[PDB]
RNA sequence: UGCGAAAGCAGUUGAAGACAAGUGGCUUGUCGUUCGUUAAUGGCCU
């Protein structure tokens, strides 16, 4: 994963999520590591609200 | 001179709280928006507005009620192939069914038990539940035709008053009561247990006060009942087994109204703590586990929410909500937390309550059953008429020279001579029993003596006698929404009038020969009409915010380039222009106004080039100047060649949900 | 007069809506 | 005239006076009974809004 | 009158020290307030009175300190916003010139107590 | 001492301004009418000083509008005038027995 | 106020006895502590009356710019004879 | 930021690059970019 901002691994250690910064903004990708059970990714603008884009950077 | 502007805030015309929202057609997501969809808004002073959500919510008709009249619930009924029917309860023992043409009650069915607290309509809309104060649930047979209502069956009684009703289908009827319980009766005719209450459920009571179940809906995709009560808790109950699945402790005070979408992936809910909560079941795991989650929560209203409803179609998916603060709020259904919202103005004066006369610099204004008159100087209230022989008011007009006022409601009208006695007036009734017997919508004063009267039963008299008026082709939308072919507007000065009905028909009339010469020539609902004596023109503006003008004895070249050279303010306008007049110093410039702006278009110039009902659904068929710094706007007019009259509005306890302190 | 000057200097140290009817104008 | 104007107003407006053992009620008019729905029962309207403005929810 | 002469002189372009002298000539409290109420902008009256009260924080004339306290009472919504490049060090050196009186008000009140004690026991022992 | 300790807890803890934000004429008169009594005592007068200073910092327009707290500010002015005469004459007694060491 | 008239006279008259006493501060500690706590906060209420008096004469001079206007500004009225000519049932009556 | 005492005394506030919006440029604003300078109604357990 060629640019990582933030990362976390599940409690069983069976999958891990992280952030990307791949362009307009960052992105979020989850991947199972002990199997190719699941690996998905999406830009986090689809997570974020429509209110947050006209608000402060903390939002 | 430059334009000197009288920014008046004298008129305290205040509407009342929205108590019931309803949509005429049900949802049907995968089909187009029908051309007959109307939202109905019953207020708390007893008037029922009917709005059309096409192109940013214009208001078609208003059905006013009088002194000490309110309206608590209202339901639509449209059997497929027959006219729309609108029933409504007040705070009384009757149901009132209204005919949409006249704007009167065509039936006052006294329900045979107690004071009605709630009303609901059967699925397939042949029966009507009224839930009464003495614990009764009364069924009213509706399917006999529009107007005729029969008593059917009093369901099995109880002690406490039933405050909300819902139907499962044609079969069962659910009712939340004021003892904290939720009963389930069977209204299935020709069963052994018809009318007896099958189940009773009890919500988690408040510790230090009584609990009332305020809102009950049935959710048909699952098999649940959603219920909001006065603790703020919202509970979901399995219908078979009649028992709770899950309870959420959502609001901080009562939950007055809650609703759902078509496929029951969302339940929206609101009450006196003024937040709207959204409970979602959209995940495949949520649908296969029957587990709602408390998804989101929005704070949009100012005081309360007393009514909430939802519409969802192929080009329309919005929930509509209103409360103690008098404004309406539109949100998106499937995009509630994410998307945007629109708080309507508290009044958009499609029917005016204020007009001025240039002589004596005076202005009349009528709220409910009283008129008031003041003059400019400052300003001085010269006279008022709190006529209490009246019960309800409607439109009004003054004679040019300011001699005789005529007030007029759909039951009668009355004419008053006025004499300025100095710092006061003297007002005397002048008797005319033809006026005392006629129904009046509009009176518009041909001369100092001659007026033209539009009756609520589509008659156009000329008093102080009969205009021939041709008939309109009755299509499916005209038989469905039964006021589309009714005369909305008429404007007149100097023996030449023009009337306007909302099918897209605007017909001139010479007051001499009293012949039509129709110029229908239109596509949708007509917002306003004004006659220009210069150019010999009529000026119509429709709900799409386009300005057409036509000649008299079709549209001019100024219209032909103006309509598609129209400014970006008009192209991004949200509030429809409810009033047009012409300038007083120049006979050719015209000066118009909506509820949040004031514009003026120039008669000759042309400028160069380079949350709605938005589908392919049809209409109801099958130097330039712009300002908005007087935006809480009620009425504007002119007095003389340099001054302007801008009368507006200006402002109650509420549930304190405090902003963060620092 | 010294306590007066000192008191005044120390004061310098520690020292360091809509009506119902208007009438206005707009563009012709 | 200031202390009895509401008295003479109500005593000329109201009907159904007594006559010994009897009471002579006026019947109303089809005019009002067909132009308007009847008035709200102020008992139940006051009950509902007094509930929604009870003291236990601190309005302000 | 002479207040109008001082107003015209201080408003034209120049003569600010002589303008404060002409203000000190008639020197009314009501006209002192009126000369602040009339003008719409100042030609760094705060700067010249800042340097005057900095060079004399101990003067027996109450004229320029009275003018400064009424200027700060009536116009301090705008003195903090007219200019903030030289005015910053102006208020800095004015504030540091004036803080010493707050430092030495207790010793002056102490000496006032000393002297009242001495003069009252000297009035007391007056030899019958 | 209980009014003093809740004033001091709001002063140390958060914000005088937060505690004073949504006020107007009718809801400030308790504070200033207590500040009249608290300005006399030594133990309260620092807290009374900064609370009165903050409330006139952020309610200087209500000073103009309402006349029925103008008079409360004037009474507070004469109170601080009496107290400043007292705090000056105490320094004079302090000097006049510093002379006698 | 009233009692420190006594304490200034005790120092003036007995100015020899309590300068010949060996521990003045230790013998009348309570006077020293009382006057220290009375005069310690003098800069604070100096700043208080500066800030208070500034706003006080600020609104005083702004209201003295228009102090004569509120003496005849109230021209309010009530339900005048328009109500009598308004009562249409009482206009059919009298 | 430095020296200081708790007062105060001296110093300020550049550049690059990328992106976003508005009208390939131009303007404005940002930066989980670099170099240099001593410098979202969202509150506390039984």
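The count begins at 1 with the first shown residue.
Per the header of the entry, the method used was electron microscopy, 8.6 Å.
Cβ coordinates are placed from backbone N, Cα and C, and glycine is handled just like the others.
Residues 353-354, 363, 365, 367, 374, 379, 630, 634-635, 645-650 of the same chain sit 6 or more residues outside the repeat 'WD 1' (B:7-12) yet have a Cβ under 8 Å from a Cβ within it. Sequence annotations record features per position, and here Swiss-Prot assigns repeat 'WD 1' to B:7-12.
The repeat 'WD 2' annotation in Swiss-Prot covers B:104-141.
Positions annotated as repeat 'WD 3' by Swiss-Prot: B:150-186.
Within its own chain, the repeat 'WD 4' (B:202-238) is flanked in space by residues 163-169, 174-182, 244-260, 263-265, 267, 269, 271, 273, 277, 279, 281, 290, 292, which lie at least six positions past its ends and keep a Cβ under 8 Å from the stretch. Feature annotation from Swiss-Prot assigns repeat 'WD 4' to B:202-238.
The repeat 'WD 5' annotation in Swiss-Prot covers B:243-280. Panel annotation: around the repeat 'WD 5' (B:243-280), residues 27-29, 201, 204, 212, 214-215, 217, 219-222, 224, 226, 228-237, 286-287, 290-310, 312, 317, 319, 321, 323, 331, 333-334, 336-337, 654-655, 657 of the same chain, lying at least six beyond its termini, place a Cβ under 8 Å from a Cβ of the stretch.
Residues annotated as repeat 'WD 6' in Swiss-Prot: B:382-417. Within the chain carrying the repeat 'WD 6' (B:382-417), a Cβ under 8 angstroms from the stretch's Cβ atoms is held by residues 64-67, 69, 102-104, 351-352, 355, 357, 359-360, 362, 364, 366-375, 423-425, 427-430, 432, 435-445, 448, 451, 453, 456, all 6 or more beyond its ends.
With helix defined as DSSP H, G or I and strand as E or B, the repeat 'WD 5' (B:243-280) counts 0 helix, 22 strand, 16 coil.
DSSP labels the residues of the repeat 'WD 1' (B:7-12) in these numbers: 0 helix, 2 strand, 4 coil.
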